[PDB]
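Here is the file start-v3.cif (mmCIF, C-alpha atoms and all ligand atoms).
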```cif
data_model
#
loop_
_atom_site.label_atom_id
_atom_site.label_comp_id
_atom_site.auth_asym_id
_atom_site.auth_seq_id
_atom_site.Cartn_x
_atom_site.Cartn_y
_atom_site.Cartn_z
CA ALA C 1 9.10 -6.16 18.12
CA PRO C 2 12.20 -6.50 15.94
CA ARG C 3 14.23 -3.39 15.28
CA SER C 4 14.11 -4.15 11.54
CA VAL C 5 11.54 -5.91 9.33
CA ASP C 6 11.55 -6.37 5.55
CA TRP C 7 8.82 -8.64 4.14
CA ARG C 8 10.39 -8.59 0.67
CA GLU C 9 13.04 -10.92 2.11
CA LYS C 10 10.30 -13.40 3.07
CA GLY C 11 8.64 -13.49 -0.37
CA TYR C 12 5.52 -11.51 0.54
CA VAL C 13 5.93 -8.71 -2.04
CA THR C 14 5.56 -8.46 -5.82
CA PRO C 15 7.71 -6.05 -7.87
CA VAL C 16 6.85 -2.36 -8.00
CA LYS C 17 3.93 -1.49 -10.27
CA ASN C 18 2.89 1.74 -11.97
CA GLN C 19 -0.61 3.17 -11.65
CA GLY C 20 -0.02 5.61 -14.50
CA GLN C 21 -2.28 8.63 -14.86
CA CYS C 22 -5.23 6.98 -13.08
CA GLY C 23 -6.08 7.82 -9.47
CA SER C 24 -5.95 4.14 -8.46
CA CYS C 25 -3.35 4.23 -5.67
CA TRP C 26 -5.94 2.70 -3.34
CA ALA C 27 -6.17 -0.36 -5.62
CA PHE C 28 -2.40 -0.90 -5.66
CA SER C 29 -2.22 -0.56 -1.87
CA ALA C 30 -5.04 -3.09 -1.51
CA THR C 31 -3.57 -5.65 -3.93
CA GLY C 32 -0.21 -5.29 -2.19
CA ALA C 33 -1.74 -6.07 1.20
CA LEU C 34 -3.79 -8.97 -0.21
CA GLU C 35 -0.78 -10.33 -2.15
CA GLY C 36 1.07 -10.56 1.17
CA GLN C 37 -1.71 -12.22 3.18
CA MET C 38 -2.40 -14.69 0.36
CA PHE C 39 1.29 -15.64 0.37
CA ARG C 40 1.19 -16.03 4.17
CA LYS C 41 -1.63 -18.57 3.67
CA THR C 42 -0.63 -20.55 0.57
CA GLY C 43 3.10 -19.99 0.07
CA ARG C 44 2.41 -18.79 -3.49
CA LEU C 45 2.97 -15.16 -4.48
CA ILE C 46 0.50 -14.15 -7.22
CA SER C 47 0.20 -10.58 -8.53
CA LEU C 48 -3.43 -9.40 -8.24
CA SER C 49 -5.54 -7.27 -10.60
CA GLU C 50 -5.87 -3.58 -9.77
CA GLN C 51 -8.08 -3.18 -12.85
CA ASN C 52 -10.48 -5.69 -11.32
CA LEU C 53 -10.80 -3.37 -8.30
CA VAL C 54 -11.00 -0.18 -10.42
CA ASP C 55 -13.75 -1.58 -12.66
CA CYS C 56 -15.75 -3.57 -10.10
CA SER C 57 -15.57 -2.27 -6.51
CA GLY C 58 -17.91 0.69 -7.03
CA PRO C 59 -20.71 -0.96 -5.03
CA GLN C 60 -18.38 -0.98 -2.02
CA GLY C 61 -17.84 2.80 -2.35
CA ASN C 62 -14.79 3.06 -4.64
CA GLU C 63 -14.71 5.46 -7.60
CA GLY C 64 -12.27 3.94 -10.08
CA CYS C 65 -9.66 6.42 -11.27
CA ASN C 66 -11.40 9.11 -9.18
CA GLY C 67 -10.35 7.54 -5.87
CA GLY C 68 -11.15 4.81 -3.39
CA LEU C 69 -10.26 3.16 -0.10
CA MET C 70 -8.27 0.04 0.60
CA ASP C 71 -10.95 -1.11 3.07
CA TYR C 72 -13.63 -0.84 0.37
CA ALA C 73 -11.44 -3.01 -1.90
CA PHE C 74 -11.04 -5.59 0.86
CA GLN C 75 -14.83 -5.46 1.32
CA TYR C 76 -15.26 -6.08 -2.42
CA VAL C 77 -13.05 -9.18 -2.46
CA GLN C 78 -15.15 -10.53 0.43
CA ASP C 79 -18.55 -9.60 -1.06
CA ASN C 80 -17.50 -10.76 -4.53
CA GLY C 81 -16.02 -14.10 -3.51
CA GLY C 82 -12.75 -13.48 -5.29
CA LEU C 83 -10.32 -11.32 -7.22
CA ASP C 84 -8.69 -12.03 -10.57
CA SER C 85 -4.93 -12.35 -11.06
CA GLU C 86 -2.89 -9.54 -12.62
CA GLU C 87 -2.07 -11.71 -15.63
CA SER C 88 -5.73 -12.59 -16.27
CA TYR C 89 -7.04 -9.03 -15.82
CA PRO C 90 -4.20 -6.62 -16.65
CA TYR C 91 -3.93 -2.96 -15.75
CA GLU C 92 -5.16 -0.38 -18.27
CA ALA C 93 -5.10 2.78 -16.08
CA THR C 94 -8.64 3.68 -17.17
CA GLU C 95 -12.03 2.79 -15.72
CA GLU C 96 -14.19 0.38 -17.72
CA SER C 97 -17.09 -1.99 -17.10
CA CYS C 98 -16.47 -4.85 -14.69
CA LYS C 99 -15.00 -7.90 -16.45
CA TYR C 100 -14.49 -10.09 -13.37
CA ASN C 101 -14.42 -13.82 -14.16
CA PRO C 102 -14.42 -16.15 -11.13
CA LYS C 103 -12.61 -18.91 -13.04
CA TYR C 104 -9.51 -16.70 -12.83
CA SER C 105 -9.87 -15.60 -9.21
CA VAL C 106 -6.80 -16.31 -7.08
CA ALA C 107 -7.45 -14.41 -3.85
CA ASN C 108 -10.14 -14.22 -1.20
CA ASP C 109 -10.65 -12.45 2.08
CA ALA C 110 -13.15 -12.49 4.93
CA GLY C 111 -12.99 -8.86 5.95
CA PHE C 112 -10.30 -6.47 7.08
CA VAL C 113 -8.76 -5.15 10.28
CA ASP C 114 -8.35 -1.42 10.92
CA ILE C 115 -5.24 -0.65 12.97
CA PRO C 116 -5.41 1.88 15.85
CA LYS C 117 -4.19 5.32 14.79
CA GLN C 118 -0.85 4.84 16.55
CA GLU C 119 2.59 4.17 15.10
CA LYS C 120 3.22 1.77 17.99
CA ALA C 121 0.22 -0.27 16.84
CA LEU C 122 1.32 -0.04 13.21
CA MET C 123 4.77 -1.36 14.13
CA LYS C 124 3.31 -4.41 15.88
CA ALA C 125 1.04 -5.14 12.90
CA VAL C 126 3.91 -4.86 10.43
CA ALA C 127 6.06 -7.10 12.64
CA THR C 128 3.45 -9.85 13.03
CA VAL C 129 1.09 -9.72 10.02
CA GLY C 130 2.90 -8.74 6.84
CA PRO C 131 2.71 -5.74 4.51
CA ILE C 132 0.10 -3.21 5.66
CA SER C 133 -2.04 -0.87 3.56
CA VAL C 134 -1.65 2.77 4.67
CA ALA C 135 -2.53 6.23 3.42
CA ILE C 136 -0.14 9.20 3.49
CA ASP C 137 -0.02 12.87 2.59
CA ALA C 138 2.02 12.70 -0.62
CA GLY C 139 1.04 16.20 -1.74
CA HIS C 140 4.47 17.83 -1.66
CA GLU C 141 7.16 18.42 -4.28
CA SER C 142 9.64 16.85 -1.86
CA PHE C 143 7.79 13.53 -2.19
CA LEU C 144 7.83 13.70 -5.99
CA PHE C 145 11.62 14.11 -6.09
CA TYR C 146 12.49 11.73 -3.24
CA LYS C 147 15.62 9.73 -4.12
CA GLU C 148 17.19 8.31 -0.95
CA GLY C 149 17.42 8.61 2.80
CA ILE C 150 14.60 9.04 5.28
CA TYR C 151 11.79 11.20 3.90
CA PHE C 152 10.71 14.03 6.22
CA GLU C 153 8.50 16.92 5.09
CA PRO C 154 7.85 19.55 7.80
CA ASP C 155 4.66 20.65 6.02
CA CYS C 156 3.25 17.10 5.97
CA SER C 157 -0.27 16.64 7.32
CA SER C 158 -1.12 13.85 9.77
CA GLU C 159 -4.87 14.11 9.05
CA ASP C 160 -5.39 14.75 5.31
CA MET C 161 -3.85 11.84 3.41
CA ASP C 162 -4.29 11.64 -0.35
CA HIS C 163 -2.25 8.59 -1.39
CA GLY C 164 -2.60 4.91 -0.52
CA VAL C 165 0.64 2.89 -0.37
CA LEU C 166 2.04 -0.23 1.32
CA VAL C 167 4.27 -0.58 4.39
CA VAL C 168 6.50 -3.63 3.78
CA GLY C 169 8.74 -3.16 6.80
CA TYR C 170 10.67 -0.71 8.95
CA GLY C 171 14.22 -0.10 10.06
CA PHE C 172 16.83 2.49 10.94
CA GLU C 173 19.92 4.22 9.66
CA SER C 174 22.20 6.86 11.17
CA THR C 175 21.29 10.40 10.10
CA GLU C 176 22.52 13.93 10.70
CA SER C 177 19.44 14.79 12.79
CA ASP C 178 19.40 11.49 14.76
CA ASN C 179 15.86 10.87 13.55
CA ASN C 180 16.96 7.43 12.39
CA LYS C 181 13.80 5.30 12.17
CA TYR C 182 11.80 4.72 9.01
CA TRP C 183 8.89 2.88 7.47
CA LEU C 184 9.82 1.01 4.30
CA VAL C 185 7.06 1.91 1.84
CA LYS C 186 6.22 0.45 -1.58
CA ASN C 187 4.84 3.08 -3.96
CA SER C 188 2.94 2.53 -7.23
CA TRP C 189 4.76 5.05 -9.45
CA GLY C 190 7.12 2.53 -11.09
CA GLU C 191 10.69 1.74 -10.14
CA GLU C 192 12.21 4.93 -11.57
CA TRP C 193 10.64 6.94 -8.74
CA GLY C 194 12.39 7.04 -5.39
CA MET C 195 14.60 4.10 -4.41
CA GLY C 196 13.56 1.53 -6.97
CA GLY C 197 9.95 2.58 -6.36
CA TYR C 198 10.34 2.55 -2.53
CA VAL C 199 10.57 5.32 0.05
CA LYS C 200 11.89 5.33 3.62
CA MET C 201 9.35 7.45 5.48
CA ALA C 202 10.00 9.00 8.88
CA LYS C 203 8.88 6.64 11.65
CA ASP C 204 7.96 7.70 15.20
CA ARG C 205 8.02 11.37 14.22
CA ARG C 206 4.44 12.09 15.38
CA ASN C 207 2.61 10.11 12.67
CA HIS C 208 4.56 11.85 9.92
CA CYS C 209 2.33 12.36 6.86
CA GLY C 210 -0.44 10.36 8.58
CA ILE C 211 1.08 6.94 7.85
CA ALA C 212 -0.68 5.43 10.90
CA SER C 213 -4.04 7.22 10.56
CA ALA C 214 -5.60 4.84 8.02
CA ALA C 215 -3.69 1.54 8.26
CA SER C 216 -5.44 -1.78 7.63
CA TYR C 217 -5.01 -5.25 6.16
CA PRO C 218 -7.35 -7.95 4.85
CA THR C 219 -8.32 -11.06 6.80
CA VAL C 220 -7.24 -14.19 4.93
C1 LIG C 301 -8.44 14.75 -4.96
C2 LIG C 301 -8.27 13.29 -4.65
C3 LIG C 301 -8.38 12.32 -5.64
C4 LIG C 301 -8.21 10.98 -5.37
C5 LIG C 301 -7.91 10.58 -4.07
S1 LIG C 301 -7.66 8.87 -3.72
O1 LIG C 301 -8.93 8.29 -3.39
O2 LIG C 301 -6.88 8.31 -4.78
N1 LIG C 301 -6.77 8.75 -2.38
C6 LIG C 301 -7.37 8.17 -1.17
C7 LIG C 301 -6.28 7.66 -0.22
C8 LIG C 301 -6.80 7.25 1.14
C9 LIG C 301 -6.98 8.19 2.14
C10 LIG C 301 -7.44 7.81 3.39
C11 LIG C 301 -7.72 6.48 3.65
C12 LIG C 301 -7.55 5.54 2.66
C13 LIG C 301 -7.09 5.92 1.41
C14 LIG C 301 -8.31 9.18 -0.53
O3 LIG C 301 -7.93 10.28 -0.20
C15 LIG C 301 -9.74 8.78 -0.34
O4 LIG C 301 -10.69 9.81 -0.16
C16 LIG C 301 -7.79 11.52 -3.06
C17 LIG C 301 -7.97 12.86 -3.36
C1 LIG C 302 -3.75 8.00 -4.69
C2 LIG C 302 -3.93 8.39 -6.13
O1 LIG C 302 -4.26 7.57 -6.97
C3 LIG C 302 -3.67 9.83 -6.51
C4 LIG C 302 -4.99 10.58 -6.75
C5 LIG C 302 -4.82 12.07 -6.60
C6 LIG C 302 -4.52 12.63 -5.36
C7 LIG C 302 -4.34 14.00 -5.23
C8 LIG C 302 -4.45 14.82 -6.33
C9 LIG C 302 -4.75 14.28 -7.56
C10 LIG C 302 -4.94 12.91 -7.70
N1 LIG C 302 -2.85 9.83 -7.72
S1 LIG C 302 -1.24 10.01 -7.64
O2 LIG C 302 -0.76 10.15 -8.98
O3 LIG C 302 -0.75 8.94 -6.82
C11 LIG C 302 -0.96 11.53 -6.79
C12 LIG C 302 -1.08 12.73 -7.47
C13 LIG C 302 -0.98 13.92 -6.78
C14 LIG C 302 -0.75 13.94 -5.41
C15 LIG C 302 -0.65 15.24 -4.66
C16 LIG C 302 -0.61 12.73 -4.75
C17 LIG C 302 -0.71 11.52 -5.43
#
```

C-alpha cells encoding of this file:
Amino acid sequence: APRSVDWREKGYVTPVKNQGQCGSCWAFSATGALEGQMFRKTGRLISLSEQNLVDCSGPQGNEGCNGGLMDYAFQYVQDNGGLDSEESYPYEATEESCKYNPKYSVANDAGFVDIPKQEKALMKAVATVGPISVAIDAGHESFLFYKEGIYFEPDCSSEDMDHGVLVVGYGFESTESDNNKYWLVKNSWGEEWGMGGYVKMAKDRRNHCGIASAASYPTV
C-alpha cells in the first residue's frame, strides 16, 4: 500500500457538512462513502441527501435523529432503488416523513462490504476502494476540542463506538512520541471544528477509538 493516501485530491469527497443537533452522524458517514463510490463509477461528484436517509431508512433498522448504522443506509439505497441528491432533498436536522422522489435519485448501490476488524485490512481498503465509512469512540472532551496534530485519547474505547465518520485517507507526520501515522477523517460537525472539519486520528495504535471495528463501504 502507499504510505500516504488522500482521496480529496482525486475528487472523491464533497465539502464538510454539519449534522447540527440531530444524531444523524451515520447518515453523513454513509453519504460520504456513497459519494465516493459513485464518483469512482461515473466521474461525477454529487452531494447526497442525509435527510433522505434520516426520514426513509427506518425499515432497514435506522432511527433517524436517534441513531443508525451506515450498513443499514447502504441496505436502504439498495432496497429503495435510489437516493436523492442533497440539492433536491436538503438537510433539516430533524426527522420527518419520507419524501423520497425517484425522479431526483442520483445514487444506487447493490449492497455493502464489511471490512475485517483490523487496521491492516482498513488500510488496504482505503488504498484501493476510496473513502470508507467507520465508527469511532468520539465521547471525550479531547475530541470536541481537537484542533491539529494526531488525535490520541488514552481513555478511548476500541469496542464502544458512538460516532460514524469517514476515512478519506491516511498518512504520517513526525511527532514527539514517534507515533507518526494517522487516519485522515472527515467529520460532520462543520468546518469550524477540528482542522477544517477533519481530524488526523491515531493509526496503528491498537485500533485507537475503534476506527477499524465497524468499517464498511457500499458496492457500486
Ligand atoms: C446514545 C447514542 C445515540 C446515537 C448513536 S448513533 O447511532 O448516532 N451512533 C452509531 C455509530 C455506529 C456505531 C457502530 C457501528 C456503526 C455506527 C451507533 O452507536 C449505533 O448504535 C449512538 C449512541
Ligand atoms: C453519531 C451521532 O449522530 C451522535 C449521536 C450521539 C452519540 C452519543 C451521545 C449523544 C448523541 N451525535 S454527535 O453530535 O455526533 C455526538 C454527540 C456526543 C458524543 C459523545 C459523540 C457524538

Open item on the list: I want to know what sits within 8 Å of residue 85 in chain C, based on only C-alpha atoms, with residues of the same chain fewer than 4 positions away left out; could you give that as a ChimeraX atom specification?
Closed with: /C:46-49,89,104-107

Task: Expected selection as number ranges by chain for ligand LIG 301 (chain C) within 10 Å, all atoms listed in the file - done: C: 22-27, 29-30, 62-72, 133-139, 159-165, 210-211, 213-216

Open item on the list: Report, in Å with one decimal, the straight-line distance from CA of residue 192 in chain C to CA of residue 15 in chain C.
Closed with: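 Interatomic distance here is 12.4 Å.
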
TODO: Identify which of the residues C:121, C:127, C:184, C:167 lies closest to residue 150 in chain C, counting all atoms listed in the file when measuring atom-to-atom distances.
DONE: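 Smallest distance to residue 150 in chain C is found for C:184.
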
Open item on the list: Between C:144, C:83, C:122, C:110, which residue has the minimum interatomic distance to ligand LIG 302 (chain C), considering all atoms listed in the file?
Closed with: C:144

Could you pull the residues within 9 Å of residue 8 in chain C, counting all atoms listed in the file, minus those fewer than 6 positions along the same chain, as a compact mmCIF listing (two decimals) with C-alpha atoms, in the frame of the given file?
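Output file around_6.txt follows:
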```txt
# COMPACT_ATOMS: atom_id res chain seq x y z
CA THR C 14 5.56 -8.46 -5.82
CA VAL C 168 6.50 -3.63 3.78
CA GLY C 169 8.74 -3.16 6.80
```

Task: For residue 201 in chain C: contacts at 6 Å, only C-alpha atoms, fewer than 4 positions along chain excluded, given as a PyMOL selection string - done: chain C and resi 150-151+182-183

Open item on the list: When you count all atoms listed in the file, which of these residues is closest to residue 40 in chain C: C:145, C:7, C:74, C:112?
Closed with: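 For residue 40 in chain C, the nearest of the candidates is C:7.
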
Open item on the list: Would you pick out the contacts of residue 130 in chain C at 10 Å or less, using all atoms listed in the file, so that residues sharing its chain but fewer than 4 positions from it are not included, and give the list as a list in words?
Closed with: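 The filter keeps residues 5, 6, 7, 8, 10, 12, 13, 33, 34, 35, 36, 37, 39, 40, 125, 126, 167, 168, 169 and 217 of chain C.
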
TODO: Work out how far apart CA of residue 52 in chain C and CA of residue 28 in chain C are and give it in Å to one decimal.
DONE: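 Straight-line distance from CA of residue 52 in chain C to CA of residue 28 in chain C works out to 11.0 Å.
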
Open item on the list: Could you tell me how far CA of residue 185 in chain C sits from CA of residue 19 in chain C, in Å to one decimal place?
Closed with: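 Distance reported for this atom pair: 15.6 Å.
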
- [ ] Kindly indicate which residue among C:157, C:177, C:142, C:108 lies nearest to residue 31 in chain C, using all atoms listed in the file for the distances.
- [x]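 Residue with the minimum atom-to-atom distance to residue 31 in chain C: C:108.
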
TODO: Enumerate, as a list in words, the protein, DNA and RNA residues whose atoms approach (17.7, 11.5, 10.7) to within 12 Å, taking into account all atoms listed in the file and the coordinate frame of the file.
DONE: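 Protein and nucleic acid residues near the point are residues 149, 150, 151, 152, 172, 173, 174, 175, 176, 177, 178, 179, 180, 181, 182, 200, 201, 202, 203, 204 and 205 of chain C.
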